[PDB]
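Structure record follows, encoded as structure tokens.
Cβ placement follows ideal geometry from the backbone for every residue including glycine, while neighbour counts extend to all protein chains displayed. Any read-out appearing in this document is the output of simple, stated calculations on the displayed coordinates, not a laboratory observation.
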Amino acid sequence: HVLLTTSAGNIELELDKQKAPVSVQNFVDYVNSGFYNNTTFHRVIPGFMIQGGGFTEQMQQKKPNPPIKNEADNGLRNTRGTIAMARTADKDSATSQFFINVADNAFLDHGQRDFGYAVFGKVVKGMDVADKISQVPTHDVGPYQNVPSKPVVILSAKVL
Amino acid sequence: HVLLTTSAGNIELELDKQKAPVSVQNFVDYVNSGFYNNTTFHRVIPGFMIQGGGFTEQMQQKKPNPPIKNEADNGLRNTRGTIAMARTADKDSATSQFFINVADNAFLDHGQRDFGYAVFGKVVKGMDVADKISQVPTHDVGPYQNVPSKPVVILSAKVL
Amino acid sequence: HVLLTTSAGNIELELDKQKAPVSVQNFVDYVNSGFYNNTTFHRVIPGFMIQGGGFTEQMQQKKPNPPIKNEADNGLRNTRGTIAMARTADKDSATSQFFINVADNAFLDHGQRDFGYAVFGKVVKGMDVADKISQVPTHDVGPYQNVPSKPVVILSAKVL
Amino acid sequence: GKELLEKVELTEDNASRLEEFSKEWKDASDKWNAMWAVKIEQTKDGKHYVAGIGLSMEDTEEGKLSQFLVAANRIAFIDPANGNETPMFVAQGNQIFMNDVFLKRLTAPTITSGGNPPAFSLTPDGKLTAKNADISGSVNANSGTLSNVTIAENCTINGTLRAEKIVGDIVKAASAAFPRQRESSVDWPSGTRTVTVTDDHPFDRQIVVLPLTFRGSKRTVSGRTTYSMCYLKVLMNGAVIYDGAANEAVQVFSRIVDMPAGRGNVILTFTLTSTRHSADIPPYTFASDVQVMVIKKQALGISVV
Amino acid sequence: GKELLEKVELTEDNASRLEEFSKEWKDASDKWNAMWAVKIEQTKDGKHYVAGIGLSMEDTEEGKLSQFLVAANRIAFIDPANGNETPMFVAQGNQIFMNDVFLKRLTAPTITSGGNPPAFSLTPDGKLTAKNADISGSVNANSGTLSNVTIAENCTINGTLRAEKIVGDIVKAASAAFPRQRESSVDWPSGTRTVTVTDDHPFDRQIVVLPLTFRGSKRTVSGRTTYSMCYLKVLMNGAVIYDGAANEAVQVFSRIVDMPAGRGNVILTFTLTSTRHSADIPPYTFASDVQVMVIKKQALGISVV
Amino acid sequence: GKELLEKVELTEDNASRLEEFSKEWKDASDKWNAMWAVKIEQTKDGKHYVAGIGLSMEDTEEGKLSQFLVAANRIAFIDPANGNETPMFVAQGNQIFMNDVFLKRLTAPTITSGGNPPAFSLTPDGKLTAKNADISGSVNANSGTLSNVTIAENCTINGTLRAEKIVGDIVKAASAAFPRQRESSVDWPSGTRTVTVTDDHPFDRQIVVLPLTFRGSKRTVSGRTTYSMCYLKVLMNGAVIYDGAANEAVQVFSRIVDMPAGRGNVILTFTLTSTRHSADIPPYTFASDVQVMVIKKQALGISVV
């Protein structure tokens, strides 16, 4: 079990360790070695998802480990409250950024040559925290869009 | 008048014969000579339309006649409860597949180079059958999407 | 302060003269020297905007002055009730056509290479007139779509 | 000599061959120098790209090259394995479009529609604006406004509504006192009160008549007892539903009259008649006001008897 | 002497050089005449475009030119400044698409989707049809229908609702008269009326028992006064909440019994007993009907005491 | 001889012509061999496509051909009838896009937006995902959730609401009994009950006071009749709306007091006073509880008189 202690509240997350072993190993290694301490949810779109885990409070990127393989064919779907790994255009480019699905994102599901996004976790407690975060006002048109005006800071990440 | 006796119930269709004479002749020839007996509504999208008349229970295509010319310039529109002939990319390729409009489809109407879809019939009784059919769960991602999981079958197609 | 005395009623517009000086000068020179009398709102899309000031009662385009420079970087946004200058593909091509935002049109705001649309006015009274105009039936598919079936004529334009 | 008859004719056959070669060279050179080609130029890496069109037997300076123009309807792409030919452009009434059998993948494009304020817009970061749409399936609105939308029965309507903005009445009340007939300085109740309920509701209703107490009086003078009677008579659409006589001890009328929907107006007639003690003494009778309430008539979990 | 031995050898060496040039010409001409090129043609303006592919040493008529075919996988675009190479087409399982690193800007296109009635359509004038969509943010509907939508608490629901289509009762009513036992030609009320309210509501309720009037009578014969007694005993879930005795002056029972949600059914028992004037005279007692109303129990801005 | 001066000088002009042809050949061959061209290859059908770029006077093997690179800013398409020139690419700040005057027709493409989980996605079979949209017109939802939507008046809201989730009260009730003053072993009602209704509603209301029965008593001892009086005085905001005196026969107070919106709190004061039979005998008076019910005040189809 992992707790993200944010300025908005506490998010208990149950890790699907049996379906995505390498993703959950990578996520637990980041959360164990205080990587997500003092990191913001830099991309909040209400009705879509809230994305965090790569940028510090001043919108500056952190140093990640070398990436992990995509395990999106584990058959877990991008349902409301699940966490998928965020990645770049490359299929196996997922390093550190994740996102929580605040709604049902069927178009982010697949295991095939269109790899989609690997769900590896689920919010079991603090869905109200995610619901309050999802509705914050976001306006940083230019470099990064949908950046919360007042940053949503993860104060600490406590792993059980 | 055509009885479409399906597993869901009975659908009553008044054929707009005076505006689409060749389409309605082709449709009544298929209906008379038991073509649509034991044929599924293979493509149902709730809010759009339900499409039937080409595939048997096992998802296999039947043998149609030579196609018919498009008669979409008869000025009948794709309003809720109207049947239009389904066709392929070719504008005069409509053979046997039809669809019922479950909503108002203004973008399927035209008589022009962009021939649109020829409305030739209307559901006069058994709309509730169409609303029950329109909401069945559909998951056949791959060859044909929006295929009902448990197929809805036209048991018999009796004509007056 | 300008009157648009239409067949639907009266629309009171407060000109934002301190932020769009030459645009509001052009608009006041058109309204002063009897240009917008007997001119229709030729483009009405409910939920978007109503566009007028270019076409006479029989869909005849009028002769404008040489165009004005785009002043959309004044920081005035395309909010509900504001008038923006309507222009062609060219960024500094705005002459005489304007439109009223009947809703919040964020995609029309910009001061950049993508010049957006310059807001220079606001409906202060007669928003009910704009609401009645926005919902009229519009069907002229072909040359110009979204043309009201019964034209919304600006009978006269009176300055204060 | 022998030497004058073989190698001296060589000067003439050689001249004939030279004239033939001169003619061939004139034929070929005048067509090489008139020949236009596609000119190949180089980067400072040895890459050899097409830089434009120019005279084949010239140099230019990579400048003044007259551009690489292709005639649009003449360009097509082949697979050099099966020989399938695919034209690059398709003509649509004096407009040339790309063949669109390519054009199967767009990633982060900006798309804008025709008019000039556009109705449709797709921003490369994925903001979509439609403004003239017809959508079906799975809407999650965060803001906006519905205008002529039929909300279905299976739509959860979590949230409150005002007490007003309810078409039906659920409860109404009305009241009146009986006409008072007076003589000298004493008044007694006597007259008719008519309670009419308009049948203007889709559901059943009950007309609850709250208790109506009426009584008479008794006087004993010189051992003679005089009774002042009170009579209350209630008519429902002319039919007598109550009839009471009160001497000195009170009677109470109360009733729940049922009002079915569509059966017409219900008219309740309360008529009080008072009788004098004697030929001289005015009557001493009492009757409480008529108070009536019309309720929504629910017959569910409230059992009596 | 020298002239027959010096310039005579000129004929032989000239013949040898002519043979060498003949060999070179036959080597190069056969290469030229077998060479296919891209043919450049001209407009009537001096424009020099590519008109097709043809034999280099020919003329044609701008017709019968065998078309400008390019092999698709071989065409790429360069920047002749840095040398970056960008292919025109990308292979995807025996299908060739454009590279899509171009294709960054679309202005008033027509887009339609696969099936043949299409689910998606984008008209060039900006009309959008989705019909199989999944939207979030800022919806402004002018028509349509919701089917399984959860309307949130913070959604303004301006508009009316019917009195029906409300799950709760808000107000109910019920009534019955006491059983009447009669002898000879006179009847008096005596018996039990049981009022049961099923606990089938989520909110607190009040059982308002509208005033219930009961009285006895008094008769005096030969100076002997006989009291006809009336007793009303009301039980709430078997617990006595009222007990009254009336002789000739009336008593009135009224109460508001609280009905909390989840506590179970409330049973109110109204028991009337009438006592005779004597061993022979039947009792002369009166008791009004039992009317009861169950309300939604608001305790807010209405105070007593 | 004549041939010594007419057929021997031919070996010199022949040599001069051969040297001139040698010079021309050296000038032209070194131009041909250094020349790069677009190489035309053939399918096994005689199709003659462009296979790449290579030296003009060479063969290669259809392999090692150095690709058909074109310089991007140099390629344009012409109509060879009017001479109109249309560039293939447009520069946008070190990014090259297609000219988008083509690109007018897309059928069953895959479109995806920027970010990497994308906000926009159009599947080739017609499924659309927007997730950051601003839509207007004709929404026809089958699932989802509204969050801050203003549902308009002309939106039909077919479906039920709870009895709770209604802001107004529609009906409220409240009740109390008069204070009882007692001496020895007998008690009589005497005191004041104050009913206050807060003005916290937007609509008119009626305060229905259910019937209040009160009476006194009569006692006759040694031919002396003593009256125990009962007085009820009701004040509405200090104004006397009722004043009653009951000796032995009951009086009943009931009223429907109007409570308009915005006029302030309504205070109903029920003052009941009892008078003793004599200087010694305590009063024997009765007065039923105060029971009040506040209704939403519909004045429509409930006519009286």
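Among the residues of B:61-70, the average count of other protein chain beta-carbon atoms within 10 Å of the residue beta-carbon is 0.
The charge dipole of the protein assembly as shown, taken about its Cα centre with unit charges on the Cβ of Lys, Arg, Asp and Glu (plus for the first two, minus for the last two), comes to roughly 11460 debye. Measuring how big chain B is from its alpha-carbon positions, Rg and Dmax come out at 14.3, 40 Å.
Shown for residue F:185: label points 7 Å from Cα along the beta-carbon vector, and their distances to the equivalent points in the other copies, 4.3, 4.3 nm in ascending order.
Cross-linked pairs C:132/F:297; D:165/F:172; A:17/A:132: Cα-Cα separations exceed 23 Å for C:132/F:297; A:17/A:132. Excluding same-chain neighbours fewer than eight residues apart, the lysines reachable from residue C:63 by a Cα-Cα span under 22 Å are C:91, C:158. What ranking of D:231, B:117 emerges when the number of other C-beta atoms within 10 Å of each C-beta is taken as an exposure proxy, fewest first? Least to most surrounded, the residues fall as D:231, B:117. Hydrodynamic analysis of region F:75-126 uses the Kirkwood radius over alpha carbon pairs. Inserted into Stokes-Einstein at 25 °C and 0.890 mPa s, it gives a translational diffusion coefficient of 176 µm²/s. By the beta-carbon count within 10 Å of each Cβ, the least crowded to most crowded order of B:69, D:39, fewest first, is B:69, D:39. Can you work out the base-10 log of I(q)/I(0) for region C:1-95 at q = 0.18, 0.20, 0.23 1/Å, using the Debye formula on its C-alpha atoms alone? Log10 of I(q)/I(0), two decimals: -0.96, -1.23, -1.69.
Only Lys, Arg, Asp and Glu carry charge here, each on its Cβ (+1 for the first two, -1 for the last two); on that basis region F:1-41 has a dipole of about 200 debye about its Cα centre.
Taking Rh as the Kirkwood radius computed over C-alpha pairs, what is the Stokes-Einstein D of region F:1-137 at 20 °C in a medium of viscosity 1.002 mPa s, expressed in µm² per second? Roughly 95 µm²/s, to the nearest whole number. With Cβ to Cβ distances under 14 Å as the rule, what net charge do the other residues near residue F:280 carry (K, R +1; D, E -1)? Local net charge: +2.
The calculated pair-distance distribution of region F:207-266 uses every alpha carbon pair, bins of 5 angstrom beginning at 0, and gives 4, 15, 19, 18, 13, 10, 7, 6, 3, 2, 1, 1 percent. Legend: translational diffusion of region F:2-55 by Stokes-Einstein, Rh = Kirkwood radius over C-alpha pairs, 37 °C, 0.692 mPa s; D = 217 µm²/s.
Using the alpha carbons alone, the radius of gyration of the protein assembly as shown stands to its Kirkwood radius in an Rg to Rh ratio of 1.20. Using a 7 Å projection from Cα along Cα-to-Cβ, the label point at residue E:225 is separated from the same position in the remaining copies by 1.4, 1.4 nm, smallest value first. Only Cα pairs within less than 10 Å get springs; with that Gaussian network setup on chain B, which residue of B:22, B:129, B:141 has the largest fluctuation? Largest GNM mean-square fluctuation: B:141.
In region F:75-126, Cα pairs under 8 Å separated by at least six residues give a relative contact order of 20 percent. With Rh defined as the Kirkwood radius, the inverse of the mean 1/r over Cα pairs, the Rg/Rh of region D:234-305 is 1.08. Assuming charge only on the beta carbon of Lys and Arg (+1) and of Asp and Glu (-1), the dipole of chain F about its Cα centre is about 3920 debye to the nearest 20.
Our helix-only sum for the protein assembly as shown, with -39,500 (n - 2.57) per DSSP H run of n ≥ 4 divided by its residues, gives a mean residue ellipticity at 222 nm of -3000 deg cm²/dmol. Here's the picture: charge each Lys and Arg Cβ at +1 and each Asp and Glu Cβ at -1 in the protein assembly as shown, and of F:1, A:137, E:28 the one pushed furthest to the positive end of that dipole is A:137. Here the peptides E:137-150, D:92-105 are ranked by packing, the mean other Cβ count within 10 Å, and the order with the highest first is E:137-150, D:92-105.
If one computes P(r) from the Cα atoms of chain F, what percent of pairs lie at distances over 35 Å? That fraction is 68 percent. Annotation: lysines with alpha-carbon distance below 19 angstrom to residue D:39 (same-chain offsets under eight excluded): D:31, D:47, D:64, E:39, E:47, F:31, F:39.
Comparing D:28, D:249, D:239 in a Gaussian network model of chain D where C-alpha atoms under 10 Å apart are linked, the largest mean-square fluctuation is found at D:28. Distances, shortest first, from the label point of residue A:131 to those at the same position in the other copies read 3.0, 3.1 nm; the point lies 7 Å along Cα to C-beta. Restricting the calculation to alpha carbons of region F:171-295 gives Rg and Dmax of 16.8, 62 angstrom.
Largest mean-square fluctuation among C:103, C:130, C:20, in a Gaussian network model of chain C whose springs join Cα atoms under 10 Å apart, belongs to C:103.
Mean separation of Cα pairs under 8 Å and 6 or more residues apart, divided by the residue count, gives chain F a relative contact order of 14 percent. Of the residues D:49, D:63, D:89, the one whose Cα sits farthest towards the positive end of the charge dipole of region D:42-96 is D:89 (charges of +1 on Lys and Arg Cβ, -1 on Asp and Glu Cβ, taken about the Cα centre).
According to the Kirkwood expression over distinct Cα-Cα pairs, how big is the hydrodynamic radius of region D:187-238, in Å? The answer is 15.1 Å.
Using alpha carbons only, the radius of gyration of region D:50-104 set against its Kirkwood radius gives Rg/Rh = 1.12.
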